[PDB]
Every structure is written in structure tokens, then in C-alpha cells.
Amino acid sequence: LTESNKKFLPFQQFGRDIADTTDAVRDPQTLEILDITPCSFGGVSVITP
Amino acid sequence: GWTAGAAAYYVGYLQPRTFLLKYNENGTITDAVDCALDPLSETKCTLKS
Amino acid sequence: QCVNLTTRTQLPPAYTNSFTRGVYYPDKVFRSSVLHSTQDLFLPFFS
Amino acid sequence: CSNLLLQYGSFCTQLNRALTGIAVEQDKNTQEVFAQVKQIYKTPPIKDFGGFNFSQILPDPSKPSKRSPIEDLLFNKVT
Amino acid sequence: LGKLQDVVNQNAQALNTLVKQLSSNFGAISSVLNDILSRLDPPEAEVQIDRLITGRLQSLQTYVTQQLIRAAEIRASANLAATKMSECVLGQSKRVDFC
Amino acid sequence: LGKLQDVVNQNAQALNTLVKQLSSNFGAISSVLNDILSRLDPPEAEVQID
Ligand SMILES: *[C@@H]1O[C@H](CO)[C@@H](O[C@@H]2O[C@H](CO)[C@@H](O)[C@H](O)[C@H]2NC(C)=O)[C@H](O)[C@H]1NC(C)=O
Ligand SMILES: *[C@@H]1O[C@H](CO)[C@@H](O)[C@H](O)[C@H]1NC(C)=O
Ligand SMILES: *[C@@H]1O[C@H](CO)[C@@H](O)[C@H](O)[C@H]1NC(C)=O
């Protein structure tokens, strides 16, 4: 949950993108807009001499 | 014998239609284009542009 | 309680044309720079 | 989902192999196009070519990028 | 520049098509497997999960096939560009209407 | 030699994967259809063969 710099209109709760993925949410207590980001993924690569 | 000043009201009926909505950087609707009204509107809404 | 009215001379209703009216937010979500199409009940343009 | 993909792990191996081959193919494709000379040459400091203006295609040291103004314009033209 | 814009748009549109294909049900009652895992027990939900797996596998196979065709086209274009680089740039080509 | 070796290695490994594909259940309860044919009645057998 990263502190975003974009404000939300005072009738919305969620936020999506072009790919229809919910990456923006609003905390229901003191009106903070927090982004949603995938944690971590990848693959281990081995370099052999 | 009575008076009521000057007033006017309009009443309309809604029907289900497909609309393509334009959003700005503030997340507010600016323009709407139909898909079953004009061939130009259908071409605009099919290309998503 | 209520009372009844009396017969008088009225005006027949007329018909006018709408001009890009009847558009509302179809959902409670936020979209920025998104051209999104949804199926919901609106008012057709020039109807 | 992975337990049921145990029966399709061979298909996933084929797709991963195809994607790796595609990646190494696009990696190799640049070598036969741009890496034709193994020596990096340079232009003389004095640009006296008899009248031929080469400043448009040659890189300019005024900008921090090595791209020529033609190549920088090409970069800005395509998204 | 037409060709670069078209190939970039084709790759991006194929990736977005795969993304939106992930949001499809493929004839099942839901798209996401988490909803069916929470709402239905696995001893009765294996058929729908298998159908979702088959649909996503078909989508992946079609994506791989299109990517392979595009990679073959890109390799052909790169070979043509390499031959032109070797001939018209690295010397003078006697081939008329080639450079 | 690199060019002459990949055109054989890829074909051999694809044939190996094609052979290995017969060892997968493919969502069924067994790999070989003969086990179902000798174990199940024909109405239930035909579903597994399909
Ligand atoms: C080669 O062509 C370039 C065109 O880009 C010339 O640069 C221009 O020179 C004029 C004359 O002083 C200036 O007014 C322009 O501002 C320059 N443009 C740029 C982009 O630098 C350059 O002078 C030419 N060189 C020769 C030797 O002819
Ligand atoms: C909900 O109540 C809490 C506790 O009083 C308060 O901190 C918060 O601002 C309230 N949220 C509202 C009124 O939207
Ligand atoms: C909407 O966004 C534009 C773009 O920067 C900005 O100029 C304007 O002030 C914004 N309006 C509001 C109400 O935030």
C-alpha cells in the first residue's frame, strides 16, 4: 500500500486501470488513497563459467 | 381562481444502450459516443478511440 | 384530506428534442484517461 | 491449480522453450545487422569533406546522448 | 514510421487480449478460480477448474503460435536488413532497384 | 558446429516430448486406456477414452 499523489472524487471507493485491474483503493476511515501493487515475482538465473 | 407563477419541467424515459465514456485525468466524464445511433459513432466506439 | 378540481381550458402537451442530456456515472469506481464501454440504462441522444 | 497442471507441465515446458527460443532469436537478430565491424572508428576533429555537410547524420557532442538529431527525431517520432 | 508502430501496437494488443482473456469464464460459472474455490468444495469443483485450465491453455497456445509467426516475420525482415547492410552500406551494390 | 546440431537436437527433443506426452493422465484417472478398458464397463470406459 503506497501513498499515492492522485485524489479521488468523493463518491468512489475503488480504482482500476486499462487492464481492468484494481490498483487503487481508498481507506474507509480517514480518506487515504492507497495503491495496490503485486508483491514480487521473477526467476532465478544461473551463470556458469 | 388561482395563480402559480412561472415554471416548467421535463420528463424522459430511459432505455438500455451501449455507451463509450471518455474520462480525463481527474476521473470526470467529458464526452459520450453511442454504438447504435450513427455509423461514424459505431466506428468510433468499435475502435475504442 | 383532499379536494377535487374543476374542468377548465388547458394546453395540450408538446414535444421537444434532447441535446446530449441524461448521462450519469454508471459505477462507483475511478477511471483516469480510460475509454470504457458499459451496458447500462441511459437516455439516447437526440431522442 | 498446480496439482492439475502437473498433467500439462510438458505443454508448459514447450511454451517456455518456444518463448526462450523467440527471445534468443530476437537477441541474435541485432548482431548480424549492427555488429558488422569489430573496430570502432572515429571522425576527424576538423570537418573538411570538400563541401559535404555531414553534421546531420554524425553525432553531435552538444547533447549528452550519442544519437544524431535525425536519430533523436526518429526516436521521438515513434512511441 | 508505420512498421514499428504497427508491430508495437500488435504486441501490446495481443498482451491486452491475453489479459482480457484471463477475465473470461470459458463457459463456466465464474472467471477467477479463487471464487469457485471459496464457494464450492474441490471434490465438486474439479470439472470447472479443469475447463478453466483448458481455456487458459488454449489462450496460451494461440498466443505462442501468434508470437512464433511474428518472430518468423521479424527474422525475415532482419535478414533482409542485414543483407542490405552488407551490400548497399558496406560497399556499392550493382543490383539495380535494390538499394 | 552449431547450425547443424540444433536442427537435430530440437527434433530429437520434440520427439522425446511427444513420447512423454503418452505418460500424462490429461485430467483423467489413468494414462493408458487399456487399464480403463479392462477395468470399467463400456459406458464409463468411453468417457475416459474420449
Ligand atoms: C549543415 O547543416 C546544418 C543544418 O542543420 C547547419 O546548421 C545550421 O546553420 C545555420 C547557419 O548558421 C544556423 O542558423 C542553424 O541554426 C543551424 N541549424 C542547426 C540545427 O544547427 C550547418 O551550418 C551546416 N554546415 C555546413 C558546413 O554547411
Ligand atoms: C469513522 O469513525 C472513526 C472513529 O471516530 C473516525 O476516526 C473516522 O474519521 C470516521 N470516518 C468517517 C466519519 O468517515
Ligand atoms: C484536473 O486536472 C487538471 C490537469 O492538471 C488540473 O489542471 C485541474 O486543476 C484539475 N482539477 C481539479 C478539480 O482537481
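Per chain, the count goes from 1 following the written sequence and can depart from the entry's numbering; residues without coordinates do not appear at all. A letter from A marks each chain and a number from 1 marks each ligand, given out in the order of writing. For these chains, which sit within a larger assembly, all listed values pertain solely to the part presented. Just so you know, side-chain values use all the structure's heavy atoms and leave hydrogens and water out.

As recorded in the entry header, the structure was determined using cryo-EM to a resolution of 3.41 Å.

As annotated in the PDB entry, chain F carries the name Spike glycoprotein,Fibritin,Expression Tag and comes from Severe acute respiratory syndrome coronavirus 2. For this entry, the PDB record gives the title as "SARS-CoV-2 spike trimer (6P) in complex with two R1-26 Fabs".

The PDB entry annotates chain B as Spike glycoprotein,Fibritin,Expression Tag of Severe acute respiratory syndrome coronavirus 2.

A.B. asks: Explanation requested: the UniProt feature "disulfide bond" in chain B in the structure shown.
C.D. replies: Residues and elements named next belong to chain B. UniProt's annotated cystine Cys35-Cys45 is reproduced in these coordinates, with an S-S distance of 2.0 Å, under 2.5 Å. Highlighted residues: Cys35 in the loop between β2 (29-34) and α1 (39-46) and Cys45 in helix α1, separated in sequence by 10 residues. Taken individually, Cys35 and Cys45 each receive the classification buried, so the pair is uniform in this respect. We call a pair of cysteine sulfur atoms a disulfide when they lie within 2.5 Å. UniProt positions are given in the numbering used here, feature names are shortened, and annotations may be inferred rather than shown by experiment. Secondary structure counts use DSSP, requiring at least four H or I residues in a row for a helix and at least two E residues in a row for a strand, with both numbered from the N terminus. Using a 1.4 Å probe on the protein chains alone, a residue whose accessible area is under 20% of its type maximum counts as buried, one over 50% counts as exposed, and one in between counts as partly exposed.

A.B. asks: Can you walk me through the interface of chain B and chain C in this structure?
C.D. replies: It is common to report an interface's size as the accessible area lost on association of the parts. Listed by partner, the interface residues are 22 residues for chain B and 20 residues for chain C. When chain B packs against chain C, close to 2,100 Å² is buried across both sides, 64% of that on carbon and sulfur atoms. For chain B, the biggest contributors to the area lost against chain C are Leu14, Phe19 and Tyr23 of chain B; these three give 31% of the whole. The rule for a salt bridge is simple: a side-chain nitrogen of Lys or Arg has to be within 4 Å of a carboxyl oxygen of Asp or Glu. Counting every contact that joins chain B to chain C gives zero salt bridges. Two N or O atoms form a polar contact when they lie within 3.5 Å of each other; inside protein one atom must be a possible hydrogen donor and the other a possible acceptor, and for residues adjacent in sequence the pair counts only when both atoms belong to side chains. Inspection of the region where chain B meets chain C yields nine residue pairs in polar contact. Put simply, the parts of the chain that give the side of chain B that touches chain C at least two residues each are β1 (15-23) and β2 of chain B. With nine residues, β1 of chain B is the largest single contributor of residues to the side of chain B that touches chain C. Between two residues, a contact is recorded if the distance between any of their heavy atoms is within 4.5 Å. Two parts placed together each lose some accessible area; with a 1.4 Å probe, that loss summed over both constitutes the buried area.

A.B. asks: Explain the sheet that holds strand β4 (residues 33-35) of chain A to me, please; I cannot follow it from the model alone.
C.D. replies: Through backbone hydrogen bonds, the strands of a sheet pair up, either in parallel or in antiparallel fashion. DSSP bridges decide pairing: two strands pair if at least two such bridges lie between them. Judged by pairing direction, the sheet is mixed, and its five strands sit side by side in the order β1(A)-β4(A)-β3(A)-β2(A)-β1(C) without closing on themselves. With partners counted over all chains shown, the strands left at the sheet margins are β1 (2-3) of chain A together with β1 (29-30) of chain C, one partner each. Note that strand β2 (residues 14-15) of chain A and β1 of chain C share two bridges and pair parallel. Within the sheet, the bridge partner assigned to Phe14 of chain A lies in β1 of chain C and is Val29 of chain C.

A.B. asks: Where do I start with the site of ligand 1 in this structure?
C.D. replies: Residue and element names in this part refer to chain D. What makes a residue near a molecule or strand is one non-hydrogen atom of that residue sitting within 4 Å of it. Near ligand 1 you find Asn53, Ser55 and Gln56, and these make up its full shell. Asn53 has a polar side-chain atom sitting 2.4 Å from an oxygen atom of ligand 1. For ligand 1, whose unbound accessible area comes to 570 Å², protein coverage reaches 17%. Method for areas: the Shrake-Rupley scheme with a 1.4 Å probe, in which residue coverage is limited to the protein chains shown.

A.B. asks: What should I look at first to understand a nonpolar patch on the surface in this one?
C.D. replies: On the surface, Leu74 and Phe75 of chain D together with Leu1, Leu4, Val7, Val8 and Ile74 of chain E cluster together into a nonpolar patch covering about 580 Å² of accessible area. The set of elements that each furnish at least two residues to the nonpolar patch consists of α4 (69-77) of chain D together with α1 (2-22) of chain E. The greatest single-element share of the nonpolar patch, amounting to three residues, is contributed by α1 of chain E. Mapped onto the elements of the fold, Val8 of chain E is located in helix α1. Patches in this entry comprise residues that are over 30% relatively accessible and not in a salt bridge; like charges within 9 Å are linked, as are nonpolar side chains (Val, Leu, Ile, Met, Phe, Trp, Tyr) within 5 Å.

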